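Report on the structure given below.
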Amino acid sequence: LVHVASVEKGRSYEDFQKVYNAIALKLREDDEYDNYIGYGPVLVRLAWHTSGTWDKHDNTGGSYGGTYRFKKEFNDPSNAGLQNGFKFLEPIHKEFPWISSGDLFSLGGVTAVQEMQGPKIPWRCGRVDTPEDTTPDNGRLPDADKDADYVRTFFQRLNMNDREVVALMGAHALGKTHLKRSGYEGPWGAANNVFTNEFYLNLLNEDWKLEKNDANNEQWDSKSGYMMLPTXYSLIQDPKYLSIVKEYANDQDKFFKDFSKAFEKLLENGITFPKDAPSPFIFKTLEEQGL
Ligand code: HEM
């Protein structure tokens, strides 16, 4: 199918800035979640998993239809824990019932990145909810126990090249793995709820050991108490990925710019924006608005 963006009737930038603000205010208020990491990371992951089901070959999946609201997708084992992000967004949707589910899930991720001091991420409205039978089957999100060739091939399905992959993976500065959710345990760094290039610095600078965690899975652990998934560590095992890791470890602005482009692309894959659609919105943070 073709999925044509359709602006929620009569809405404009100010309407979406209000939704942004409500997400951002709740992010600030609900500070205790996940041992005081807060909801930013899980909202970024929800935006990525609701977009990352896309298949360029036939335009199935993707952010357009908001299909995570259906049980097949929210019960995907790959999505274990994202219910927390959905629950966070439920009072936002109740207050703003006119936004589509795909617009809300993707906007949650943009708002989280920006409020965590990340780059501005331009965002377009107009995803339209689609019916339950359009929900993609489970198994389209990536495995963590694989190598660089797996990662490279996986992301071709999402039309991402090596630079886009390495940039997107820098979101693992955020949050942590949780053993009961994914079979992996630990944070990738210390600044768990501030968006920086720390993922790359930790890859290069920590001393990593290949260990088994208490779910009997291998992961790479540092004495600082950080971890990398096998797929994260593959970015320094593959020589093409390694060069880009070093680039982003040495240039915060370049990582921000590249992440912003790749994340917007991820959130817009599958969507056709009419020629006379609004331009992408760049929302002000609460801090910029003095809120
Ligand atoms: C090869 C690709 C990737 C794999 C295998 C992978 C795998 C994982 C795994 C296993 C977890 C832990 C879930 C848990 O136990 O809570 C996780 C968390 C996370 N992922 Fe990734 N991921 C990948 C790419 C991405 C990308 C592209 C983004 C977004 C741009 C992303 C954002 C995050 C975030 C923010 C978290 C933390 C969630 C929290 O703290 O609740 N990941 N990922």
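Every heavy atom of this structure was used, including side-chain atoms; hydrogens, water molecules and symmetry mates were not. Count residues from 1 along the sequence. When a ligand or atom number is given, it counts from 1 through the structure's own listing order.
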Looking at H172, the N/O/S atom that lies nearest to atom 21 (Fe) of ligand 1 is called NE2
For atom 9 (C) of ligand 1, the option (of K180, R45, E185, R152) bearing the nearest heavy atom: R45
Could you pull out, from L174, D34, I37, the option with a heavy atom nearest to atom 37 (C) of ligand 1? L174
To the nearest 0.5 Å, what is the distance between CG on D238 and CZ on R152? 4.0 Å
Which distance, rounded to the nearest 0.5 Å, do you find between the CZ of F16 and the OG1 of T111? 12.0 Å
Could you tell me which atoms of ligand 1, counted from 1 in the order shown, lie closer than 4.0 angstrom to a heavy atom of [X]?
X    : answer
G175 : 40 (O)
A144 : 5 (C)
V42  : 41 (O)
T177 : 12 (C), 14 (C), 15 (O)

Indicate the ring-plane relationship of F255 and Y248, choosing parallel, tilted or perpendicular according to the 30° and 60° boundaries. tilted
Once you measure the plane-to-plane angle for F195 and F256, does it fall in the parallel (<30°), tilted (30-60°) or perpendicular (>60°) bin? perpendicular
Any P142 heavy atom less than 4.0 Å to ligand 1: yes
Could you tell me if any non-hydrogen atom of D143 lies under 4.0 Å from any atom of ligand 1? yes
What do you reckon, does [X] have a nitrogen or oxygen under 3.5 Å from a nitrogen or oxygen of ligand 1?
X    : answer
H178 : yes
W48  : yes
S182 : yes
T231 : no

For the ring-ring contact (aromatic ring centres under 6.0 Å, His included) test, which of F281, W123, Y20 pairs with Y13? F281
Protein contact to [atom] [nearest heavy atom, distance to 0.1 Å]:
atom                    : answer
atom 35 (C) of ligand 1 : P41 O, 3.4 Å
atom 29 (C) of ligand 1 : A171 CB, 3.6 Å
atom 40 (O) of ligand 1 : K176 N, 3.0 Å

For residues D34 and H178, is any side-chain donor paired with an opposing acceptor at under 3.5 Å? yes
Is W188 touching ligand 1 with its side chain, its backbone, both, or neither, if touching means heavy atoms under 4.0 Å apart? side chain
How does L229 reach ligand 1, if at all, at less than 4.0 Å between non-hydrogen atoms: by side chain, backbone, both, or neither? side chain
What do the steps show when you test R127 against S100 for side chain to side chain donor-acceptor pair (under 3.5 Å), and what is the final call? CA-CA 6 Å; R127 298 167 189 76; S100 67; over 6 Å; no
Ion pair check, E90 and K94, cut-off under 4.0 Å: no
Under 6.0 Å from the six-membered ring centre of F283 and within 45° of its axis: does the NZ or CZ of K120 meet both? no
Between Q114 (side chain only) and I121 (backbone N and O only), is there a donor and an acceptor less than 3.5 Å apart? yes
For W54, which of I271, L266, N159 qualifies under side chain to side chain contact (heavy atoms under 4.5 Å, CB included)? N159
